[PDB]
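Asks: got an experimental structure here, sequence first:
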Amino acid sequence: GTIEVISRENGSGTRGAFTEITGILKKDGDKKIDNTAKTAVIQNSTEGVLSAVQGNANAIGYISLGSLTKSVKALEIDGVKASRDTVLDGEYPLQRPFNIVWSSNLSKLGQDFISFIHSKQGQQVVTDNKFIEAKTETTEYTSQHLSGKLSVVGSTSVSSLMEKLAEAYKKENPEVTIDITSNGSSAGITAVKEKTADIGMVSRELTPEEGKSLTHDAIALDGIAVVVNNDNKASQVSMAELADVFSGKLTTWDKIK
Ligand SMILES: [Cl-]
């Protein structure tokens, strides 16, 4: 039958990542065109995508990998099954890093917060919040019961996870205030360079120009699962087919072997 493409709402960080990685979001200069199928219906959240795909035998959608449940089926992409292991070793291609960025301006307090994020406790916040931990080496954190304010600015996609990390840190450092500003990766990089943010949040690789004078560090890997209804006999798609389906070029399930 006819493929029912489920898209996330305009401005969604997951939509931005998905369309960029699959090449559906093309730049013909400094103007980006989102080629998402014009027939695609919209869901406003991960829960909404899950409900729509579980509720319709012909539907396909995309969600954060950590949100995958038995109520839907994740497709293999290029014959690779989405998992902690295939995201970590780079076999699974629908993934993006959650980077934090800082400069030589990073305060002692900012450095203590980075140490917490790098610690066994910090890594546990990441995995408990269902993201993948890229780091294999772990350090111990002991609170200095510091005081002061931190400004963390950038990607909306990293904001929720940053909030969880700030909560766990403030439990150990009650006199530390952490402000998290969600705007975008480019605004976060600029804020760090302009010294208006202590730490920036970037949900993609930095360009050579952006990286100048900065250090970046992946605090998490965010995989994206392409999900279908459990009734769907299809189990794998190529990256070409994936882009064809979500751009509305391939519209029937019989074309997917
Ligand atoms: Cl929309």
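Replies: Structure's in. What do you need? Numbers count the residues shown, from 1 in each chain.
Asks: now do the same end-to-end measure for stretch 198-205.
Replies: 19 Å (CA to CA, to the nearest Å).
Asks: who does the residue minimising distance to the centre of the chain bridge with?
Replies: Geometric centre of the chain, nearest residue: residue 222, 4.2 Å, by CA atoms, centre = their mean. Beta-bridge pairing for residue 222 (DSSP bridges): residue 96.
Asks: pretty sure it sits against residue 13.
Replies: No. Using CB atoms under 8 Å, residue 222 makes no contact with residue 13, being 9.2 Å away. Heads up, the C-betas are built off the backbone N, CA and C, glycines and all.
Asks: anything in contact with each of the two?
Replies: Each of 157, 203 lies in contact with both residue 222 and residue 13 under the rule CB atoms under 8 Å, 6 or more residues apart in numbering.
Asks: OK, contacts around the closest residue to residue 195 other than its chain neighbours?
Replies: Spatially, and ignoring its direct neighbours in sequence, residue 195 is nearest to residue 105 (5.0 Å; CB to CB, 6 or more residues apart in numbering). Each residue near residue 105 by CB under 8 Å, 6+ apart is listed here: 192, 195, 198.
Asks: and which of those is nearest to the ion?
Replies: Minimum distance to the ion across these is 30.6 Å, recorded for residue 192 (CB to the ion).
Asks: dump the residue contacts of the closest one.
Replies: Residues in contact with residue 192 (CB under 8 Å, 6+ apart) are 101, 102, 103, 105, 153, 198, 199, 200, 214.
Asks: same check on residue 155?
Replies: Counted by CB under 8 Å, 6+ apart, residue 155 has contacts 13, 98, 182, 184, 185, 188, 201, 202, 203, 204.
Asks: from those, pick the one nearest residue 75.
Replies: In terms of CB to CB, no member of these lies closer to residue 75 than residue 13, at 21.3 Å.
Asks: that'll do, ta.
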